[PDB]
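What is reported rests on the model, the rules as stated and the sources as named; these are not laboratory values. All Cβ positions, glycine included, derive from the backbone under ideal geometry; neighbour counts span all protein chains shown.
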Amino acid sequence: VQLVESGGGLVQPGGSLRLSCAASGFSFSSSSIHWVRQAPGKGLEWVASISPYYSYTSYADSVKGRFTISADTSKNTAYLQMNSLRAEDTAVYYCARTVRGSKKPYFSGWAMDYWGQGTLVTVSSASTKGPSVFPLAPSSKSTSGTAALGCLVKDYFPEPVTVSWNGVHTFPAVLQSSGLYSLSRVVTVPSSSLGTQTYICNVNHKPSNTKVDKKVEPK
Amino acid sequence: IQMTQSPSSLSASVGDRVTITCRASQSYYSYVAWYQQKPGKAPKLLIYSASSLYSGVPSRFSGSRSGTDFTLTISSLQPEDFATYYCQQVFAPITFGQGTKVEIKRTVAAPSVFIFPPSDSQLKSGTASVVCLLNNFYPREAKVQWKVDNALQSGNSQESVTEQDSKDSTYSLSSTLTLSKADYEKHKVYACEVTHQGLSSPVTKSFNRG
Amino acid sequence: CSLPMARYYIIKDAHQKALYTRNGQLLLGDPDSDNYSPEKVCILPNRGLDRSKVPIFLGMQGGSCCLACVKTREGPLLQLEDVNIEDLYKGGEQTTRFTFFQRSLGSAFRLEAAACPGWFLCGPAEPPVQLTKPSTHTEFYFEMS
């Protein structure tokens with residue numbers, strides 16, 4: 001069973017965004033689809049629900065009339081149409097599923113058993129901006145026989161970025177006074193390995209379609 | 001409808017017994033579900049229908065009701081249990097609890113402290129970022145101070161702290177000191193001063209621009 | 001559960017046992033044991049069916065999930081569904097299989113499923129409520145409290 005969200009991104013105050021939730025492994029007829037959102041550092045908030053079978057829909061008070069949930073049973077795909085966006089709508093948006101019928105096999109008390117990994121939505125007059133990537137080089141000052149190396153991903157907007165390495169310290173991005181984010185990613189590596197292997201981080205910032213490869217070389 | 005969760009946060013040692021309480025504002029509701037949320041992950045369903053264990057969830061999780069008070073119970077806390085837990089009223093206006101942060105309580109561990117000069121690329125760009133790195137320590141509270149040429153700095157740095165690790169249950173801290181290239185080029189010794197419960201005296205890692 | 005002709009209720013059988021639910025399954029049990037707290041039931045009329053048959057909707061959990069009769073191989077089947085009783089008040093063809101005819105036999109009542117006519121709510125002989133085709137096992141009583 002798989003739920004995939006798409007359509008998140010940056011959007012100005014008062015603008016419109018449409019989200020998508022593409023379902024597999026279960027039928028729309030036997031389930032309900034839900035949108036749930038979570039602002040950075042905050043708790044879960046339900047947004048909206050739709051029953052594809054019966055076509056009933058429900059909405060949290062804070063989005064009624066701005067948001068509209070719908071479904072296309074032919075595509076097993078649910079949609080969130082968001083209008084008149086405000087900054088406080090900034091959040092990660094998950095879609096999730098529940099089994100409608102108490103007699104269905106995998107019934108679970110109408111709890112949300114499957115969720116997607118979520119799509120980030122930023123409401124802001126600020127403009128998109130790709131990141132700068134600088135290496136954090138190992139040296140004597142970073143060894144204890146383990147060495148630390150990494151990538152400083154600086155000055156981007158909006159979130160998110162993905163850093164990939166081909167002993168991981170995943171720091172959260174920080175918001176800088178410039179209104180831009182920067183994160184650092186660190187990896188711990190044995191000192192046997194320098195010279196034997198060069199280390200590269202892949203920084204992927206989809207909003208600006210940035211994709212860079214910087215090598216982290218000693219000293 | 002409301003779901004009041006308590007406590008907002010707790011720390012407990014491996015193997016201890018943990019309970020979290022969620023109180024519903026109406027008494028006709030009894031289909032409470034409990035979710036576990038790990039750093040950067042979607043919530044994961046633990047308990048449904050107040051007390052039924054979901055397929056796959058470890059047997060050390062259980063849930064119970066007493067009136068309008070719903071309780072999640074972790075019988076022997078494991079390190080992988082670090083998470084935020086939410087309760088949920090499942091119907092119609094769906095309602096979550098404010099959530100409970102569960103930190104694992106381990107022995108004090110000191111930080112390994114490392115430092116990284118700025119890269120050349122950034123210097124040609126007009127700015128210098130010095131990073132100081134505190135690895136695999138506990139507890140989370142730590143003081144990190146910058147001293148450029150033995151002059152304590154303020155305002156021009158930011159700190160990032162990982163989530164508690166799910167295996168050894170420690171934290172890591174990054175401190176980025178951001179300067180202009182000109183300011184960077186005028187001074188020689190960049191020091192990072194770390195004070196932590198695991199260090200008998202404060203530790204300092206340093207490098208000279210030369 | 002605040003609508004026209006909208007009232008709260010507890011549903012008992014001839015022997016003072018109360019409808020309750022465990023993981024979506026409608027059961028009968030002693031209201032007084034700490035094991036079986038009774039379903040607080042919203043009752044709403046279905047204004048589009050024949051009023052002389054007293055058509056009603058049955059909403060457990062204060063009206064958040066409603067009882068339905070579904071036609072399957074094993075026969076008609078009781079099912080609790082993620083449908084709010086106010087959505088049923090909107091009406092339509094689809095609300096018929098959530099509709100029960102409230103047929104009076106004196107001071108008690110029978111509950112017959114509109115989508116499965118001739119079939120009645122049926123209490124278990126052994127200690128799950130079901131559907132069946134006058135008996136004390138099909139007799140029910142409504143108390144507001």
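Scanning the stretch C:87-145 for residues that are closer than 22 Å to C:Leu3 by Cβ, acidic (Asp, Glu) and surrounded by 16 or more Cβ atoms within 10 Å (Cβ to Cβ) yields one hit, C:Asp87. Restricted to the stretch C:1-29, and to residues there that are in a loop (DSSP other than H, G, I, E, B) and within 14 Å of chain A (Cβ to nearest Cβ), the residue that is surrounded by the most Cβ atoms within 10 Å (Cβ to Cβ) is C:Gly24. Among residues of the stretch A:168-178 being more than 7 Å from every other protein chain (Cβ to nearest Cβ) and out of contact with any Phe, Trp or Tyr (no Cβ under 7 Å at 6 or more places or on another chain), the one that is farthest from A:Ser124 (Cα to Cα) is A:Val168.
For A:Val153, state whether it is crowded, with 18+ Cβ neighbours inside 10 Å, in contact with a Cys (Cβ under 9 Å, 6 or more places away or on another chain) and either not assigned by TED's automatic domain parsing to the domain that holds A:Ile33 or not aliphatic (A, V, I, L, M) (or both).
Yes, satisfied.
I'm trying to understand the selection: among the residues of the stretch C:30-57, which are within 15 Å of C:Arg7 (Cα to Cα), away from chain B (no Cβ under 14 Å) and among the hydrophobic types (A, V, I, L, M, F, W, C)?
Answer for the stretch C:30-57, where residues must be within 15 Å of C:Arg7 (Cα to Cα), away from chain B (no Cβ under 14 Å) and among the hydrophobic types (A, V, I, L, M, F, W, C): C:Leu44, C:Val54, C:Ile56, C:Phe57.
Could you please find all residues in the stretch A:91-110 being surrounded by 20 or more Cβ atoms within 10 Å (Cβ to Cβ) and either outside any strand (DSSP E or B) or not assigned by TED's automatic domain parsing to the domain that holds A:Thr57 (or both)? Once the filter is applied, which keeps residues that are surrounded by 20 or more Cβ atoms within 10 Å (Cβ to Cβ) and either outside any strand (DSSP E or B) or not assigned by TED's automatic domain parsing to the domain that holds A:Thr57 (or both), the stretch A:91-110 yields A:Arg100, A:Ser102, A:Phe107, A:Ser108, A:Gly109, A:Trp110. Restricting attention to the stretch B:52-62, the residues that are among the small types (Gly, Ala, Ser) and either closer than 11 Å to B:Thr21 by Cβ or in a loop (DSSP other than H, G, I, E, B) (or both) add up to 3.
State which residue is farthest from the chain's Cα centre (by Cα) when the search covers only the stretch B:75-95 and only residues that are part of a strand (DSSP E or B) and under 20 Å from B:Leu53 (Cβ atoms).
That would be B:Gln89.
Which residue, of A:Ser108, A:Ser144, A:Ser102, is at the interface with another protein chain (Cβ under 8 Å from one of its Cβ atoms) and in contact with a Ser or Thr (Cβ under 6 Å, 6 or more places away or on another chain)? Being at the interface with another protein chain (Cβ under 8 Å from one of its Cβ atoms) and in contact with a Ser or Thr (Cβ under 6 Å, 6 or more places away or on another chain) holds for just one of A:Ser108, A:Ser144, A:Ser102, which is A:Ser144. When B:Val90, B:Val57 are screened for being within 13 Å of chain A (Cβ to nearest Cβ), β-branched (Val, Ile, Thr) and surrounded by 21 or more Cβ atoms within 10 Å (Cβ to Cβ), only B:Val90 passes.
Those residues that are within 11 Å of the chain's Cα centre (by Cα) and either away from chain B (no Cβ under 11 Å) or under 14 Å from A:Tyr54 (Cβ atoms) (or both), I need them from the stretch C:66-86; list them, please.
Scanning the stretch C:66-86 gives C:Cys66, C:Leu67, C:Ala68, C:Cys69, C:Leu78, C:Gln79.
Of all the numbered requirements in (1) on the phi > 0 side of the Ramachandran plot; (2) within 11 Å of chain A (Cβ to nearest Cβ), B:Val161 misses one, and that requirement is (1).
Residue-wise test of (1) in contact with a helix residue (DSSP H, G or I) (Cβ under 6 Å, 6 or more places away or on another chain); (2) more than 8 Å from every other protein chain (Cβ to nearest Cβ); (3) surrounded by fewer than 18 Cβ atoms within 10 Å (Cβ to Cβ).
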residue	(1), (2), (3)
B:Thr100	no, yes, no
B:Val108	no, yes, yes
B:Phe116	no, no, no
B:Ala142	no, yes, no
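Just to be sure, is C:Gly62 surrounded by fewer than 23 Cβ atoms within 10 Å (Cβ to Cβ), more than 14 Å from chain B (Cβ to nearest Cβ) and of a type outside the set (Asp, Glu)? No. Limited to the stretch B:1-46, what total is found for residues that are surrounded by 16 or more Cβ atoms within 10 Å (Cβ to Cβ), more than 27 Å from A:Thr119 (Cα to Cα), among the small types (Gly, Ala, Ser) and within 14 Å of chain A (Cβ to nearest Cβ)? Total satisfying the criteria: 1. The single residue among B:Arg106, B:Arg60 that is of a type in the set (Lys, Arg) and either over 30 Å from A:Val163 (Cα atoms) or more than 20 Å from the chain's Cα centre (by Cα) (or both) turns out to be B:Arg60. Note on the stretch B:170-210: residues that are within 14 Å of chain A (Cβ to nearest Cβ), out of contact with any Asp or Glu (no Cβ under 8 Å at 6 or more places or on another chain) and surrounded by fewer than 17 Cβ atoms within 10 Å (Cβ to Cβ) total 5.
Restricting attention to the stretch A:22-80 and to residues that are within 11 Å of another protein chain (Cβ to nearest Cβ), part of a strand (DSSP E or B) and polar (S, T, N, Q), the residue that is surrounded by the fewest Cβ atoms within 10 Å (Cβ to Cβ) turns out to be A:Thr57. Residues of the stretch A:111-134 that are within 14 Å of chain B (Cβ to nearest Cβ) and either within 22 Å of A:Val36 (Cβ to Cβ) or surrounded by fewer than 22 Cβ atoms within 10 Å (Cβ to Cβ) (or both): A:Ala111, A:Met112, A:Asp113, A:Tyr114, A:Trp115, A:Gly116, A:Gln117, A:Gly118, A:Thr119, A:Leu120, A:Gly130, A:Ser132.
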